[PDB]
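Note sheet for the following structure.
For this chain, numbers begin at 1 and follow the sequence in order. The analysis underlying the following values was restricted to heavy atoms, covering all of them including side chains, and did not include hydrogens, waters or symmetry mates.
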Amino acid sequence: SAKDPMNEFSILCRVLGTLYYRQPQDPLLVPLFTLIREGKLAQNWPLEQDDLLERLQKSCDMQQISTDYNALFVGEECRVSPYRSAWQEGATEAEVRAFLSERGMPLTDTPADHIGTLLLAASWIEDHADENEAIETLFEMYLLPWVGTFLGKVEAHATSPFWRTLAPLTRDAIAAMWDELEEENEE
Ligand SMILES: [Ca+2]
Ligand SMILES: [Ca+2]
Ligand SMILES: [Ca+2]
Ligand SMILES: [Ca+2]
Ligand SMILES: [Ca+2]
């Protein structure tokens, strides 16, 4: 019987996708930042990233975090565009939308190739799905080719210790998840 690693990685994808997709000062995120600021996230974390989550715990200044998020990702004049189409040549938003639509994923009027949306789709696909064939295409075609470049620019342009930690935390998490999935994909 094969491994279902997305069974444990679903929550990590939803947590990270939430942090890239939404303004940190959204009242809906208060219980999430309470877990981070209280260090309660590492006990239910499917990776071993204790020292990064500890640095996340000590850097929870919501005004500092909010300012950095807006400078990095908000508007057409942001510091590091969070869309796949800004990083991969030839990439279009329509093809990611269509891929997510055919899996049954509800989308908004904001472009479907946002880094947050791609990560949220990974946990949505884990929860309502052919699931593993959908997971491999999401990562191989719409994440791995470009996300390392984006996350590296995030780390260089983030002025806050929170986003200076989250960017490499995301980088390590995606590569660690991919190794576990590929070991089952190519088994
Ligand atoms: Ca390996
Ligand atoms: Ca491994
Ligand atoms: Ca593969
Ligand atoms: Ca195996
Ligand atoms: Ca093996």
Next on the checklist: Quick check: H114 with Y20 (ring centres under 6.0 Å apart)?
Outcome noted: no
Checklist entry - Taking atom types as modelled, is there a side-chain donor on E133 or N185 under 3.5 Å from an acceptor on the other? => result no
Item to check | Residues forming a side chain to side chain donor-acceptor pair (under 3.5 Å) with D68, sequence neighbours excluded | outcome: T159, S160
Checklist entry - Between CG of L16 and CE of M177, what distance do you get to the nearest 0.5 Å? => result 7.0 Å
Checklist outcome for this item: For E155 and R171 the tightest heavy-atom approach is OE1-NH1, 3.9 Å
Checklist outcome for this item: For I135 and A122, the nearest pair of non-hydrogen atoms, with its separation, is CD1-O, 3.8 Å
Checklist entry - Any donor and acceptor pair, going by atom type alone, linking the side chain of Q49 with main-chain N or O of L169 inside 3.5 Å? => result yes
Checklist entry - Would you say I65 and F33 make side-chain contact, with heavy atoms under 4.5 Å? => result yes
Checklist entry - From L144 CG over to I174 CD1, what is the distance, rounded to the nearest 0.5 angstrom? => result 7.5 Å
Checklist entry - Just how far is it from atom CZ of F99 to atom CG of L118, taken to the nearest 0.5 Å? => result 9.0 Å
Next on the checklist: Tell me if a side-chain donor or acceptor on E184 pairs with a main-chain N or O of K3 at a distance below 3.5 Å.
Outcome noted: yes
Item to check | side-chain contact (heavy atoms from CB on, under 4.5 Å) between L120 and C13, intermediate numbers included | outcome: CA-CA 6 Å; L120 293 171; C13 296; over 6 Å; no
Checklist outcome for this item: Applying side chain to side chain contact (heavy atoms under 4.5 Å, CB included) to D26 and not counting sequence neighbours gives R22, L28, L29
Checklist entry - Where do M6 and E131 come nearest, in terms of heavy atoms and distance? => result CB-OE2, 3.8 Å
Next on the checklist: If you compare all heavy atoms of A112 against all heavy atoms of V96, which two are closest, and at what distance to 0.1 Å?
Outcome noted: O-CG1, 3.8 Å
Item to check | Minimum side-chain heavy-atom gap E140-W178 below 4.5 Å | outcome: yes
Item to check | Check: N7 main-chain N/O paired with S10 side-chain donor or acceptor under 3.5 Å | outcome: no
Checklist outcome for this item: Nearest heavy-atom contact between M141 and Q88 is O-OE1, 3.8 Å
Next on the checklist: Any heavy-atom pair between the side chains of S66 and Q23 that's under 4.5 Å?
Outcome noted: yes
Checklist entry - Within the distance-only criterion (no hydrogens, no angle test), does the side chain of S59 pair as donor or acceptor with the backbone N or O of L56 below 3.5 angstrom? => result yes
Item to check | Residue pair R97, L107: steps toward the side-chain contact (heavy atoms from CB on, under 4.5 Å) verdict | outcome: CA-CA 8 Å; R97 186 171 290 285; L107 298 166; 3.6 Å; yes
Next on the checklist: Please check: side-chain N/O of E180 versus main-chain N/O of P5, any donor-acceptor pairing under 3.5 Å?
Outcome noted: no
Checklist entry - Do the side chains of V147 and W87 get nearer than 4.5 Å, heavy atoms only? => result no
Checklist entry - Given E93 and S85, is the side-chain hydrogen bond (donor to acceptor under 3.5 Å, both in side chains) satisfied, shown in steps? => result CA-CA 6 Å; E93 184 277 341; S85 73; over 6 Å; no
Checklist entry - If you measure from CZ on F162 to CG on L19, what distance do you get to the nearest 0.5 Å? => result 5.0 Å
Checklist entry - Any side-chain heavy atom of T110 sitting closer than 4.5 Å to one from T117? => result no
Next on the checklist: Does any part of the side chain of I115, heavy atoms only, come nearer than 4.5 Å to the side chain of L143, both counted from C-beta?
Outcome noted: yes
Checklist entry - What distance do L166 atom CG and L52 atom CG have between them, rounded to the nearest 0.5 Å? => result 9.5 Å
Checklist entry - Could you walk me through whether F73 and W163 pass the ring pair (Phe, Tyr, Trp, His ring centres under 6.0 Å) check? => result CA-CA 11 Å; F73 310 117; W163 278 103; 5.2 Å; yes
Item to check | Close side-chain approach of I36 and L53, heavy atoms under 4.5 Å | outcome: no
Checklist entry - To the nearest 0.5 Å, what is the distance between CG (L181) and CG (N132)? => result 7.5 Å
Checklist entry - Just wondering, are more than 12 heavy atoms of other shown residues or ligands nearer than 6.0 Å to CZ in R14? => result no
Checklist entry - Going through the distances and angles, do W45 and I11 end up as a side-chain contact (heavy atoms from CB on, under 4.5 Å)? => result CA-CA 8 Å; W45 199 246; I11 179 186; 5.9 Å; no
Checklist entry - Taking the side chain from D113 and the backbone from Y83, do they hold a donor-acceptor pair closer than 3.5 Å? => result no
Checklist entry - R84 and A91: which non-hydrogen atoms are nearest, and at how many Å? => result NH1-CB, 3.3 Å
Item to check | Short side-chain to backbone donor-acceptor contact, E95 and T92, under 3.5 Å | outcome: yes
